[PDB]
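Enquirer: this one's experimental. Sequence and coordinates below.
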Amino acid sequence: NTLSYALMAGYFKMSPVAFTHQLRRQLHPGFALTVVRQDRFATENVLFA
Amino acid sequence: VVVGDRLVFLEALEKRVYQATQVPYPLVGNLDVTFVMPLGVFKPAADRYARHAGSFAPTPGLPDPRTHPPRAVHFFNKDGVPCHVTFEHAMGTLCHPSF
Amino acid sequence: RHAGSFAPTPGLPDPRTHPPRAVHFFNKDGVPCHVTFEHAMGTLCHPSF
Amino acid sequence: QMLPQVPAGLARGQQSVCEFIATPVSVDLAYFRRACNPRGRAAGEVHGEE
Amino acid sequence: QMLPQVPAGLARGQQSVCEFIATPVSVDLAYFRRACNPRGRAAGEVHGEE
């Protein structure tokens, strides 16, 4: 039974104009993303000469 | 002061110089790291197991929303408030002719 | 030893009762690095056998 | 110009920006626990010549 | 020569080498929890004459 739904879900197109539907409508496509970001922290160094 | 086996000066120049002027003190450095977190990975079948018997048990008579592939990540802000990332925040990349 | 096991996902056979076919240990830095049967082909697949 | 319009009011420090790198679902998860490289190959320069 | 090709950079110390020894399935597990001898026996020289 569930194989039917699995096969059916394996039939949503892969295209920007279709992603703008799938992704927004809470459906998980066959991808896995990897977020990356960069941060900065103001520290207090201790120099020596 | 004396440190190890050496006698060294010890000076902080906030008062003599840089006081009452717009210039910033050049010893407040900026560290710079970068973070990464996986979004929607799905662990293989041999690693989907509840640690104890009493899981985060759901409402009785309703399906368990834990056994499904995840579609978000929840992390913490600078203050401490939570801030989630989900697939809808990727449209800016996966909706473009560059794809 | 405890009744509460590593209880599997309900509706699926538990992968615990089968005879094991791999190990798992720690690297130098600490990353998990595992060994399984497939690594033995260099020994059990040779005319010296 | 192509520049965004100035924001009305700032709460905390300048807001960061996130990317998104596609990756097969079956990728191992333990690859992300330690300090990793998002590219997938850990190449860099310090360890490994051309 | 019959030699392997040099790898393009490596991340940690010289990678070691492991072998494999056939062994009946019913071998006692408790034999491996302490210091054991992979030969099965306890040949040595320090405990035992020839």
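Expert: Cool, got the structure. Numbering: from 1, shown residues only, chains lettered A, B, ... in the order given.
Enquirer: assign whichever residue of chain B sits closest to chain E to helix, strand or coil.
Expert: Closest residue of chain B to chain E, CB to the nearest CB: residue B:36 (18.4 Å). C-beta here means a position set from N, CA and C on the backbone, and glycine is covered the same way. Of the three states, residue B:36 takes strand under DSSP: H, G, I helix; E, B strand; the rest coil.
Enquirer: and if you look at residue A:13?
Expert: Following three-state DSSP, residue A:13 is assigned to coil.
Enquirer: if we can go back for a sec, beta-bridge partners for the residue of chain B closest to chain E, please?
Expert: Residues in a beta bridge with residue B:36, per DSSP bridges, are residue A:36.
Enquirer: who in chain B is up against chain D?
Expert: B:36-44, B:47, B:69, B:77-79, B:85, B:89-90, B:93-94 (CB under 8 Å from any CB of the partner chain).
Enquirer: circling back: let me see the contact set for the residue of chain B closest to chain E.
Expert: If a contact means CB atoms under 8 Å, 6 or more residues apart in numbering or on different chains, then residue B:36 has A:34, A:35, A:36, D:32, D:36, D:38 as its contacts.
Enquirer: does the second one really touch residue D:20, like I thought?
Expert: Yes: here residue A:35 lies in contact with residue D:20, judged by CB atoms under 8 Å, at a distance of 6.5 Å.
Enquirer: quick check: neighbours shared by those two?
Expert: Common neighbours of residue A:35 and residue D:20 (CB under 8 Å, 6+ apart) are residue B:39.
Enquirer: out of the residues of chain B next to chain D, list just those in helices.
Expert: Taking DSSP state H, the ones among these that sit in helices are B:93, B:94.
Enquirer: for chain C, see how far away the residue of chain B closest to chain E is.
Expert: 16 Å (CB to the nearest CB, to the nearest Å).
Enquirer: residue A:4: how many residues sit nearby?
Expert: As a burial measure, residue A:4 scores 8 neighbours (other CB atoms under 10 Å in any protein chain shown).
Enquirer: OK, contacts around the residue nearest the centre of chain D?
Expert: Closest residue to the average C-alpha location of chain D: residue D:19 at 5.7 Å, with CA atoms, centre = their mean. For residue D:19, the contact set (CB under 8 Å, 6+ apart) comprises A:35, A:36, A:37, B:93.
Enquirer: how about the residues of chain B by chain C?
Expert: Counting by CB under 8 Å from any CB, the residues of chain B near chain C are B:45, B:46, B:48, B:49, B:50, B:51, B:52, B:53, B:54, B:55, B:64, B:67.
Enquirer: strands of chain D, residue ranges please.
Expert: Secondary structure of chain D (DSSP state E): strands located at D:21-22.
Enquirer: for it, what lies in contact range of chain C?
Expert: Residues of chain D lying close to chain C (CB under 8 Å from any CB) are D:30, D:34.
Enquirer: can you list the residues of chain D near chain E?
Expert: Within reach of chain E by CB under 8 Å from any CB, chain D has these residues: D:42, D:43, D:47, D:48, D:49.
Enquirer: which of these sits closest to residue A:48?
Expert: Distances from residue A:48 to those, taken as CB to CB, are shortest for residue D:47 (29.6 Å).
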